[PDB]
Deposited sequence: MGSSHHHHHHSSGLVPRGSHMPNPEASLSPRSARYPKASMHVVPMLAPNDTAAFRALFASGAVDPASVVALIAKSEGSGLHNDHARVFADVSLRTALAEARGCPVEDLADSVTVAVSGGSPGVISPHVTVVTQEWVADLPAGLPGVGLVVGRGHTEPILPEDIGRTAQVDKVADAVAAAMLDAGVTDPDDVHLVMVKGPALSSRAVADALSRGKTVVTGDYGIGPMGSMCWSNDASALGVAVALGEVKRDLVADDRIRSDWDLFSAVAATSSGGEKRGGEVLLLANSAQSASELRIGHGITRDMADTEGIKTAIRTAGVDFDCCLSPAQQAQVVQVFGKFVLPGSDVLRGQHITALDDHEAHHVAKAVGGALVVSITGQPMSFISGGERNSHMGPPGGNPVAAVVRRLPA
């Protein structure tokens, strides 16, 4: 039966948002089966802001290339593949796409140590505009996260190391509708904040019970160590992509996580790499750097403008969003030596999630 999952990740460069050359070659060479693709996680060149059309262009170009390789119309990929493009690739970040596959096999290969990577996906019930940034969004995301854990065959939340949530944002047209029906409305960071909390609820990090509309954009004590949330568009359907480990994984990869303690801290990144399975003290050898397949780091602006006792400009800077990612990228790439890293963030808030996927090889 569809019994053991085998997830893989292939990281391929993009020279522009619409450069799918090396992405298409992955399928055309028979290296990867397009039907087994479950997620595309990408960095694009551009502003990274709410109206970054270059980000949308990469999304459209990647969907089109994948649909062509699968031989379907693009309109099919819509529920079957998570496509997550984070805009803004400053400094050392090389734009790319991480192609995530998963197949299920009937038998577990021999000699795979410890736990291994597994992917789960889930979808929310429709989130109405009067739900956005409020307790209904939290509950609905939490259910989709529970569903993604179930899809991955994972029951222990401690084995979940990264949860990507894509939700809807408000538009004047959605407001128009709540308004029609007699409803008030709250928008991107509300949605993002509600989603992260949903993750926390579903992973048992925050009791439910503690949730209410008035805690949502406020009580920083309530948090998920592993949520990475974004919003936009109008799709009332929330989407969850969940990366975990399981003892029964056939995958040749393992995931781990850490928490970036402040804006100059490398210990979160290192912890991610270490708990994913690389045994190292302070720095990675070249061989160990190459064990690291991908890093997914979310570099939200810090909660204060005080860093190691000193004033910094990171909250005042008009280019703050761009700088946060520039810094996060420099930190990750200085450790791993790999410019094609998933560095997202730059939203307003001091700890940030980072996850690392590393090779897990048979004995």
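> Compare the deposited sequence with the modelled residues and state the ranges that are missing C-alpha positions.
Unmodelled stretches: 1-31, 218-227, 391-396.
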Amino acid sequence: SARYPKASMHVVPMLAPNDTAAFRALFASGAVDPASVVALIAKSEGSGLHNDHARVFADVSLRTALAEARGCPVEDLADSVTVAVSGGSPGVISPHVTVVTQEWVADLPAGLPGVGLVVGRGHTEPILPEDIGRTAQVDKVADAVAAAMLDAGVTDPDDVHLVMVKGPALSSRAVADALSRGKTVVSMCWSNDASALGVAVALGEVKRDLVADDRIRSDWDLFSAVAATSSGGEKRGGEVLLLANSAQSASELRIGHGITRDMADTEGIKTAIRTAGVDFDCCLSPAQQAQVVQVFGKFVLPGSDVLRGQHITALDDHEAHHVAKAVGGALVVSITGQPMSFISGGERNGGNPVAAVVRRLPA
From here on, numbers count along this sequence of modelled residues.
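> Averaging only over Cα atoms, indicate whether 65-73 or 332-340 has the higher B-factor in the PDB entry.
Per the deposited B-factors, the answer is 65-73.
> Using the B-factors recorded in the PDB entry, average over the C-alpha atoms of 50-58 and of 323-331, then report which stretch comes out higher.
Here the higher of the two C-alpha B-factor means belongs to 50-58.
> Would you mind finding, among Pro302, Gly30, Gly309, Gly297, the residue with the largest C-alpha temperature factor in the entry?
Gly30 has the highest C-alpha B-factor of those listed.
> If you compare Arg261, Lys270, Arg134, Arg254, which has the highest Cα B-factor in the entry?
Going by the entry's C-alpha B-factors, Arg134 comes out highest.
> Please rank the C-alpha B-factors of the chain's modelled residues and tell me whether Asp209 sits in the lowest, middle or highest third.
Answer is highest: the recorded C-alpha B-factor places it there.
> With respect to C-alpha B-factor, does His96 fall in the lowest, middle or highest third of the chain as deposited?
Lowest third of the chain for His96's C-alpha B-factor.
> Place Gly88 in the lowest, middle or highest third of its chain's C-alpha B-factors, as listed in the PDB entry.
Its C-alpha B-factor, which the entry lists for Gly88, ranks in the lowest third among residues of this chain.
> Should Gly232 be placed in the lowest, middle or highest third of its chain by the C-alpha B factor in the entry?
For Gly232, whose C-alpha B-factor we compare with every modelled residue in the chain, the answer is the highest third.
> Please say which third, lowest, middle or highest, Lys166 falls into when its CA temperature factor is compared across its chain.
Highest third of the chain for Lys166's C-alpha B-factor.
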